Each structure stands twice: as structure tokens, then as C-alpha cells.
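In this chain, residues are counted from 1 in sequence order. We use all heavy atoms of the structure for the numbers below, so side chains are in, but hydrogens, waters and symmetry mates are not.
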Amino acid sequence: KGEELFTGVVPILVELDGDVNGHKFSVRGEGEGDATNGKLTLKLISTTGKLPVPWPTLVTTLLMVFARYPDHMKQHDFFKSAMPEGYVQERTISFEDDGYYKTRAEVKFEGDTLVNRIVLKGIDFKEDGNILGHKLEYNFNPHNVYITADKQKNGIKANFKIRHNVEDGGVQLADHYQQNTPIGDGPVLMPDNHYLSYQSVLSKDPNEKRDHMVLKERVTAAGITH
């Protein structure tokens with residue numbers, strides 16, 4: 001039922017309101033998602049001028065509903081089953097030897113468009129660290145995100161470490177703890193243990209004047225025998 005909303009290409013709107021060490025910023029993005037092929041593309045633009053944090057640190061915050069679930073794994077796709085009323089996606093992201101983000105997003109249909117509307121707060125960052133000092137490379141590594149059922153809350157949980165490449169070599173770890181809960185009252189799918197395999201490519205639109213990120217992601221569910 002929820003899954004039937006994703007058989008074709010779905011327009012996406014992303015809106016983020018952010019505040020990191022008191023520096024406020026807003027991002028607005030548009031794009032399209034193709035769950036059949038496990039892919040999405042977004043062009044994300046700062047609407048407040050130069051962003052105060054590196055774009056790669058916002059990649060995970062800025063749509064697991066577009067994962068491709070293989071035919072033998074369809075009964076494990078919580079994310080589409082919560083549609084169209086949607087789900088809340090909440091995270092704490094702890095940056096090693098630095099500050100943390102807290103995010104709350106609602107992912108839901110508004111008419112024909114899938115919207116991801118986020119509030120992000122960042123606390124306790126070092127003015128000289130890799131984040132506020134902009135020392136992270138403009139790229140993104142592949143990661144596996146493990147999904148577990150959270151039956152008591154009718155939702156799912158995930159925790160995973162993101163490795164950000166640092167400009168002069170080295171990595172900056174960002175430890176993510178995530179909880180997703182349905183917005184509606186209707187039944188959702190509680191999944192067996194599996195994971196989502198993510199690939200992400202960051203680029204720039206050479207003709208765009210504003211601070212921005214072009215994000216292309218490929219996401220495939222995996223890990224269930226058969």
C-alpha cells in the first residue's frame with residue numbers, strides 16, 4: 001500500500017532550518033527519487049549565504065524511503081509502509097573530539113511531493129575544529145546503515161559511524177544514533193535485521209552562484225538470506 005506510492009519517479013522537497021553554536025542557516029533543496037532503482041538526486045541550496053558548517057556534515061541529515069528493497073525483502077521496508085502519512089526521523093550525531101548535532105525531521109507526502117522538513121541544532125563545536133573551521137574534504141564515503149526493529153515504539157532504530165575525510169589526511173568520525181517513528185496510526189512493517197548500503201556523490205552546479213551541494217545517492221537494502 002505505502003509501497004505503491006513509489007513505483008515511479010517522485011518529486012522531492014527538502015527544507016532544513018539550522019543553528020550551530022548560534023550561527024543560524026537555512027537550506028532548501030529540490031530533486032527526485034526513484035525507489036525502483038534505489039536512487040535519488042538533490043540540489044541543496046543555502047538560502048542564508050555561506051553555510052557555517054561543511055556540506056558533507058549535513059549529507060546524512062538531508063530519505064530512506066528511496067532505498068531499493070530487493071523482491072525477497074519487501075516485507076522489511078518500514079519506510080515506505082509508513083507513507084503517505086510519513087515518519088519522524090530523529091538523530092543525535094556526535095562528532096569525535098568536537099560538538100554534536102540533534103536533528104528532527106518529518107518525512108511525508110504533501111500532495112504528489114515527498115517532503116523532508118528538518119530542524120537541526122548544533123552544540124559545543126570548537127571554533128578551530130574540522131567543522132566550524134571548514135577542514136573537511138568535499139566528498140563522501142560509502143557506508144552501511146544497519147536497521148533494527150523497535151516494536152515498543154512501532155518504529156525502527158539505527159546506529160552507525162560516518163567517516164568524513166579531513167583535508168590534510170585523516171578522518172573525522174561522526175557517530176549517528178537514529179530513531180524513526182510513524183506519524184500515522186496505520187499498521188507498519190517491522191523489519192528483520194538488515195542494512196542499507198549507501199553510496200553518495202557530491203558535486204557542484206558550475207552555473208549556480210549560491211552556496212550549494214548537488215547530492216546523488218544510491219541506496220540498496222541487503223543482508224537477508226535468499
Side-chain angles (χ1 to χ4, degrees), residues 1-14 29-42 59-91 103 105-109 112-116 118 139-163 174-184 186-203 214-226:
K1 195 177 177 181
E3 60 196 323
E4 330 296 4
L5 296 173
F6 292 88
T7 58
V9 164
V10 172
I12 301 165
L13 170 66
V14 178
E30 304 188 42
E32 48 191 20
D34 179 7
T36 298
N37 289 296
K39 65 194 250 167
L40 61 94
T41 170
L42 290 174
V59 167
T60 59
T61 295
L62 295 163
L63 291 159
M64 298 189 167
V65 79
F66 289 109
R68 182 171 70 82
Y69 274 71
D71 287 7
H72 72 285
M73 293 178 64
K74 295 299 202 185
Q75 293 309 292
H76 304 285
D77 186 351
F78 163 85
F79 304 102
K80 295 184 192 51
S81 77
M83 301 292 149
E85 274 142 306
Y87 53 80
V88 179
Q89 178 158 298
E90 292 170 293
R91 294 206 181 102
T103 68
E106 295 184 36
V107 179
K108 62 183 143 171
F109 274 96
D112 43 60
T113 304
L114 192 284
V115 180
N116 177 20
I118 311 137
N139 52 43
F140 214 84
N141 295 306
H143 297 87
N144 286 339
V145 175
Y146 279 68
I147 303 300
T148 60
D150 186 357
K151 298 146 208 306
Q152 174 54 209
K153 310 285 108 172
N154 208 14
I156 60 86
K157 293 215 298 166
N159 65 261
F160 54 100
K161 299 177 166 53
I162 292 292
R163 291 172 46 252
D175 202 352
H176 289 53
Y177 274 83
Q178 175 178 336
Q179 294 186 1
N180 290 44
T181 47
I183 293 169
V188 298
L189 296 176
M190 288 300 296
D192 282 349
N193 298 323
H194 66 281
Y195 62 95
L196 298 180
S197 168
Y198 272 81
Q199 286 175 54
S200 306
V201 177
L202 309 192
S203 64
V214 177
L215 169 63
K216 290 175 193 296
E217 297 208 305
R218 297 189 31 83
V219 189
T220 307
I224 287 191
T225 54
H226 180 330

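- The two residues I12 and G33 have their closest heavy-atom pair at CD1-N, 3.4 Å.
- Proximity of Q178 to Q89: side-chain heavy atoms (C-beta onward) are separated by under 4.5 Å at one or more points.
- If you take CZ on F66 and CG on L114, they are separated by 4.0 Å, rounding to the nearest 0.5 Å.
- Between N116 and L62, the closest heavy-atom pair is ND2-O, 3.0 Å.
- Note that the OG1 atom of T225 and the CE atom of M73 stand 10.0 Å from one another [nearest 0.5 Å].
- Using modelled atom types, no side-chain atom of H76 and backbone atom of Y69 make a donor-acceptor pair closer than 3.5 Å.
- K108 NZ to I183 CD1: the interatomic distance, rounded to the nearest 0.5 Å, is 5.0 Å.
- Side chains of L42 and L63 form a contact here, defined as non-hydrogen atoms less than 4.5 Å apart.
- Shortest non-hydrogen contact noted between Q199 and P142 is CG-CB, 4.4 Å.
- Within 6.0 Å of NZ in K74 there are more than 12 heavy atoms belonging to other residues, nucleotides or ligands.
- Between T60 and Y198, every side-chain heavy-atom pair lies at or beyond the 4.5 Å cut-off.
- Summarising the geometry of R218 relative to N37, their closest heavy-atom pair is NH1-O, 3.7 Å, with the distance given to 0.1 Å.
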Could you pull out all donor-acceptor pairs under 3.5 Å where a side-chain atom in residues 78-85 meets a protein atom, sequence neighbours excluded?
residue: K80; atom: NZ; partner: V65; partner atom: O; Å: 2.8
residue: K80; atom: NZ; partner: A67; partner atom: O; Å: 2.8
residue: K80; atom: NZ; partner: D77; partner atom: OD2; Å: 2.8
residue: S81; atom: OG; partner: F78; partner atom: O; Å: 2.7
residue: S81; atom: OG; partner: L189; partner atom: N; Å: 3.0

Practice prompt. Decide side chain to side chain contact (heavy atoms under 4.5 Å, CB included) for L215 and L202; before the verdict, give the C-alpha distance in whole Å, the side-chain angles of both, and the deciding distance to 0.1 Å.
Written response: CA-CA 5 Å; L215 169 63; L202 309 192; 3.4 Å; yes
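- With contacts defined as side-chain heavy-atom distances shorter than 4.5 Å, the pair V188/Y87 does not qualify.
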Run the side-chain donor-acceptor check on residues 143-162: report pairs under 3.5 Å with partners two or more places apart or on a different chain.
residue: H143; atom: ND1; partner: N141; partner atom: O; Å: 2.9
residue: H143; atom: NE2; partner: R163; partner atom: N; Å: 3.0
residue: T148; atom: OG1; partner: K157; partner atom: O; Å: 3.4

